[PDB]
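Working through the structure, step by step
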There are 2 protein chains.
Amino acid sequence: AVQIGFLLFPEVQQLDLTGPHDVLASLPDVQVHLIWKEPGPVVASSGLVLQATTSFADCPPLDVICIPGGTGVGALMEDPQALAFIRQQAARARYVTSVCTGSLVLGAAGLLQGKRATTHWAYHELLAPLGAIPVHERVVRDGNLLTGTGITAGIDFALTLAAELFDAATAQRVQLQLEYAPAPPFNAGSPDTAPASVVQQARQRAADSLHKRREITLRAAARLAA
Amino acid sequence: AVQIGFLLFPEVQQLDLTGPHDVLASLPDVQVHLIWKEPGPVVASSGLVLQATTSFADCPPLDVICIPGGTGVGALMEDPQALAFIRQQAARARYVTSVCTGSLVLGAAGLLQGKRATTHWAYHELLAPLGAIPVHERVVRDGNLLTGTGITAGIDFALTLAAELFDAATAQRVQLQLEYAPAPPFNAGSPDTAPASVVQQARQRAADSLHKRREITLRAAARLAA
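Right, let's walk through the structure included here. (Residues numbered from 1 in each chain as written, not as in the entry; some residues may be left out. Chains lettered and ligands numbered in written order. Heavy atoms only, no water.)

**As for the pairing of strand β4 (residues 49-52) of chain A**
Residue and element names in this part refer to chain A. Covered by surrounding structure in β4 are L50 and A52 only, the residues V49 and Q51 on the alternate face being uncovered. Two elements, strand β3 (residues 40-43) and β4, share four bridges in a ladder whose sense is antiparallel. The residue of β4 that forms the bridge with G40 is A52. Where β3 folds back on β4, the antiparallel hairpin that results is connected by five residues, among which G47 adopts a positive phi of roughly 100°. (Buried < 20%, exposed > 50% of the residue type's maximum accessible area, 1.4 Å probe, protein only. Helix = DSSP H or I, 4+ residues; strand = E, 2+ residues; numbered from the N terminus. Pairing = 2+ DSSP bridges.)

What follows is the structure, encoded as structure tokens:
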């Protein structure tokens, strides 16, 4: 059975995780884990309560690891237990993946040094201090590393993983079974397509978080420099 | 505060619910409820454990009600307590919505009689016996009823709801904050675009479920005829 693991942490953006989870859990001969320091409840940033299924110590060796984003990323970037677990699993995983600001956690773990990567548009300036080559594309692959932008990036890249782990017909069948054919009613999902007034509002609302994450990123980078 | 409620039932397809939940929970002055017979754990069809936040009896009057789909729809189509709750809330709700096979629950509750509606492609033949006018479109509106197809239909129609409950700029801001701009790597999300061999495999895998749901639908229709 292919072993797929998602990191589940307090203040996660739950859709970053629950999207790819439901897609990948539809595949045959896959076991999906929700990993935290111990099994039990973990509260997402919206208040939705999820349940971790395994601890770091009990998690099997993973074929795919996926790091979601969310408000809670800031704490995770300075959590030595979580970062050590990610490094351990990434050493042998076939795919190391992240959604949105989850790539900042990969960066804090040292796994983006010299690698092309993306992250959420409002935090993109934090990639270079973590050693990455920043790329403004929705899905960026570099070897076995996949980083994606958008709350549903993991749905799309889960179909790519399905095709590579199994075959294209299997990925197509899952897509059809889920009737997955999105059609957003607005075209404001990128700072390059949204109205300038909307971009301003979104930037202003992220400013305090960006300021705090600049400070955290510099401390994380100092640890990588040691 | 706008009151938004999702029905959370055993064997729900969790992404049908968790997608719109995360979008709508991003809006100001919204309270989101996960409703079942009592608060506590409810297991989705993948094994993911969610937590209902309120009972039928304690749920406030809702402005938006949303019925997700999943394997568990068959039991819900003959659950008189759940159907009565849906009818009660639908009487005063500004929007009555469903994702995928959730529209079959609205049908069993009598809320599709004479109404245009859609559902998952493999179960679409079950709409007419429930009194609906079947429509093969991804989102179908009839008055205050919205039915959508696809595991992520609720993400897209949540942006429409945001624009109507608030304004277009608010919906655009949420879309940008979530960097929501999907781009599936395959084009097999409809029986009209997938390869014929894939459609066959998907149809065969749904056949037992369709057979069981034909039986349930006929009993539900008999209750509506009384």
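This is not the end of the story, as more comes after the structure.
**Describing the sheet that holds strand β5 (residues 54-55) of chain B**
Residues and elements named next belong to chain B. With mixed pairing, the seven strands of this open sheet are ordered in space as β5-β2-β1-β6-β7-β11-β10. Lying at the two open borders of the sheet, with one neighbouring strand each, are β5 and β10 (139-142). Pairing geometry for β10 and strand β11 (residues 145-148), over four bridges, is antiparallel. Bridge pairing in β11 links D142 to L145. Lying on the sheet, helix α1 (residues 14-24) is in contact with β1 (2-7), β2 (30-36) and β7 (95-99); it crosses β1 at an angle near 165°. (Contact = heavy atoms within 4.5 Å. Axes fitted to C-alpha atoms, helices over the stretch in contact; angles between N-to-C directions.)

**Digging into the sheet that holds strand β7 (residues 95-99) of chain A**
Residue and element names in this part refer to chain A. Spatially, seven strands are ordered β5-β2-β1-β6-β7-β11-β10 in an open sheet, and the strand pairing comes out mixed. Pairing within the sheet leaves two strands with one partner each, and these edge strands are β5 (54-55) and β10 (139-142). One ladder, built from two bridges, connects strand β2 (residues 30-36) with β5; its direction is parallel. Among the inter-strand pairings, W36 is bridged to a residue of β5, identified as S55.

**Overview of the relation of the copies chain A and chain B**
At an RMSD of 0.0 Å, chain A and chain B line up after a rotation of 180° and a shift of 0.0 Å along the axis. These values place the two chain copies in the arrangement generated by a two-fold rotation axis. Nearest to the rotation axis, the C-alpha of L50(A) is located 2.9 Å from it, this being the minimum over chain A. Both copies contact each other with a shared surface, as 100% of the interface residues of chain A are interface residues in chain B too. (Least-squares fit on C-alpha atoms.)

**Observations regarding helix α6 (residues 168-177) of chain A**
Across the ten residues that make up α6(A), a large majority, seven, are buried. Buried residues of α6(A): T170(A), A171(A), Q172(A), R173(A), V174(A), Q175(A) and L176(A), and no others. Against α1 (14-24) and α5 (153-165) of chain A together with α7 (196-225) of chain B lie the buried residues of α6(A). Once α6(A) ends, the next one or two residues include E179(A), with phi positive near 50°.

**Let's talk about the interface of chain A and chain B**
Across the contact, 56 residues belong to chain A and 56 residues belong to chain B. Note on chain A versus chain B: buried area summed over both sides is about 5,000 Å², and carbon and sulfur give 64% of it. It is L176(A), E179(A) and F186(A) in chain A that bury the most area against chain B; as a group they hold 16% of the surface buried on that side. At the junction of chain A with chain B, the criterion picks out zero salt bridges. Summed over the shared surface of chain A and chain B, the number is 25 residue pairs in polar contact. If one sorts the elements of the side of chain A that touches chain B by residue count, α6(A) sits on top with eight residues. (Buried area = accessible area lost by both parts, 1.4 Å probe. Salt bridge = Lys/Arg side-chain N within 4 Å of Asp/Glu carboxyl O. Polar contact = N/O pair within 3.5 Å; in protein donor to acceptor, adjacent residues only side chain to side chain.)

**With respect to the packing of aromatic side chains**
In this structure the tally under the stated criterion is four aromatic pairs over all chains. The interplanar angle of 80° and the centroid separation of 6.0 Å between the aromatic rings of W36(B) and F56(B) together place this pair among those described as edge-to-face. One end of the pair, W36(B), is in strand β2; the other, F56(B), is in the loop between β5 and β6 (64-67), and 20 residues separate them in sequence. Between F56(B) and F85(B) the ring centres are 4.6 Å apart and the planes differ by 20°, which places this aromatic pair in the stacked class. A residue pair is termed long-range when its members are at least 10 positions apart, and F56(B) in the loop between β5 and β6 and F85(B) in helix α3 (residues 80-92) qualify at 29 residues. In this structure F56(B) comes out as buried when scored by relative accessible area, which is 13%. Here a set of aromatic residues connected by ring pairs shows up, and it is made of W36(A), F56(A) and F85(A). (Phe/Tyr/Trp six-rings, centres within 6.5 Å; stacked < 30°, edge-to-face > 60°.)

**Re the pattern of salt bridges**
Taken as a whole and assessed by the stated rule, the structure comprises 16 salt bridges over all chains. Salt-bridge contacts for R219(A) lead to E215(A); the nearest nitrogen and oxygen are separated by 2.8 Å. With a gap of four residues between them, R219(A) and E215(A) both fall in helix α7 (residues 196-225), about one helical turn apart. Exposure remark for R219(A): the relative accessible area of 32% places this residue in the partly exposed category. For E215(A), a relative accessible area of 36% gives the class partly exposed. In this structure, the salt-bridge partner of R141(B) is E164(B), at a minimum N-O distance of 2.9 Å. With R141(B) in strand β10 and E164(B) in helix α5 (residues 153-165), this residue pair connects regions lying 23 residues apart in the sequence. Several salt bridges converge on common partners, so that one network encompasses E78(A), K212(A), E215(A), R219(A) and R223(A).

**Considering the environment of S209(B)**
Checked against the element boundaries, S209(B) lands in helix α7. Separated by 130 residues in the primary sequence, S209(B) and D79(B) place their C-alpha atoms 18 Å from one another.

**Considerations on the packing of α1(A) against α5(A)**
Between two packed helices, the angle of one axis relative to the other and the distance separating the axes together describe the packing. All names here are of chain A. Contact pair α1 / α5: the axes reach a minimum separation of 7 Å and the direction vectors enclose 30°. Relative to α5, the element α1 is oriented roughly parallel. As for the relative orientation of α1 and α5, their crossing is right-handed in sense. Side by side, α1 and α5 meet where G19, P20, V23 and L24 of the first sit next to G154, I155, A158 and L159 of the second. Residue composition of the contact of α1 with α5, grouped by class: six nonpolar, two polar and no charged. (Parallel < 35°, antiparallel > 145°, perpendicular 65-115°, else oblique. Left-handed = near helix turned anticlockwise from the far one by under 90°. Nonpolar A, V, L, I, M, F, W, Y, C, P; charged D, E, K, R; others polar.)

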